[PDB]
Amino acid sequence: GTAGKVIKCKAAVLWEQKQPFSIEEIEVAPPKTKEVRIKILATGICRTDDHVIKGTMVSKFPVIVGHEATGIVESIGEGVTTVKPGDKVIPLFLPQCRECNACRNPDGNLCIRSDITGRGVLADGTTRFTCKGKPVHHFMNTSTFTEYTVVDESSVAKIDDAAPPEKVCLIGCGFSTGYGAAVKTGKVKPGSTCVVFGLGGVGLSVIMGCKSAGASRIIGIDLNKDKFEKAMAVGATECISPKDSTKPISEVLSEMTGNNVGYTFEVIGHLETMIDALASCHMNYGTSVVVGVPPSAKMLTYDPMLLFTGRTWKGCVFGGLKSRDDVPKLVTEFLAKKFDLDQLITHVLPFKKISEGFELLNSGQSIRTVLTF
């Protein structure tokens, strides 16, 4: 009965920077050509969502953040072919137009439609959200902290009907990012020695990926020792903290492996720890993968000799996945009991408790928090 009509629903709106959410009553426009309106079933709280709140990430306001989620297709726009009302799907912050260079290349995944600049809009350059007359912006081609959202078709992944929305939502960000980091970006090898900087939802996902890649050793690092128990239990053959010693973490790690660190992953978001992760992989054959999003407008300064000796330094976006291709496959892999997401979800709460949720994340008391509708 709503298809074609504006949908009045609620949404955690953010009117300005460094402000708390405001659960407003908003109006969601119907989907235009090649767009899709989705009803969010569950959505997790990712650390990147907090970046906007903190103001460590450029964004227009007002805006509805949230990007990690599972939903149902309420209605499809004109010309859509990959989905139909009733289909279970997962909104993709990383699209796959399949037409641009990065999409045409098997070794690329950052679609030209990727909202990196903080555009806060869809393909045609407009918004679909209105609240109190004034228009509300989108977040990374998704916007999930709402009962309903509209994303372009190029940002819709049709998944298996039987998939549990409250768990598979991690495939929309957190999990796929860390797992694919190892498996598809760093391409960790069997017998390797990996080092993961940061033991959050993504960090812990990298571990699973490395352990699954065959790494005979996986060392976890975190200032928060409370994250160790989770680490060891996930695949960390050990875990330490930078504060445990005064000698550079790079030296410590070398000594621990006898200078044979094949991979280092930065999954925090600190420039200082990016240098640390680089310096910690082997000087000639080590690879350092940066997964953590660095704070906007900050220049990095390091010793270029660290790179000259042969080191490989690369970035990662959504764990190197080709969204529309890989997401539905990973879902089937979860159904086939291959991976246990449950280890990652430390809290399931009703959407209304969103404020409490963000509190948890920021206190170091939680991995993932899944909000329910």
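When you see a residue number, it is the position in the sequence shown, counting from 1.
The stretch with the higher mean CA B factor, choosing between 55-63 and 308-316, is 55-63. Two stretches are in play, 178-186 and 204-212, and the higher mean C-alpha B-factor belongs to 204-212. In the PDB entry, the Cα temperature factor peaks, among 227, 282, 217, 119, at 227. In the PDB entry, the Cα temperature factor peaks, among 106, 85, 292, 286, at 85. For residue 298, the recorded CA temperature factor ranks within the highest third of the chain's modelled residues. Compared with the other modelled residues of the chain, the Cα B-factor recorded for residue 40 ranks in the middle third. In this PDB entry, the Cα temperature factor of residue 134 sits in the middle third of its chain's modelled residues. Among the modelled residues of its chain, residue 191 has a C-alpha B-factor that falls in the lowest third according to the deposited record. Sort the modelled residues of the chain by CA B factor and residue 272 lands in the middle third.
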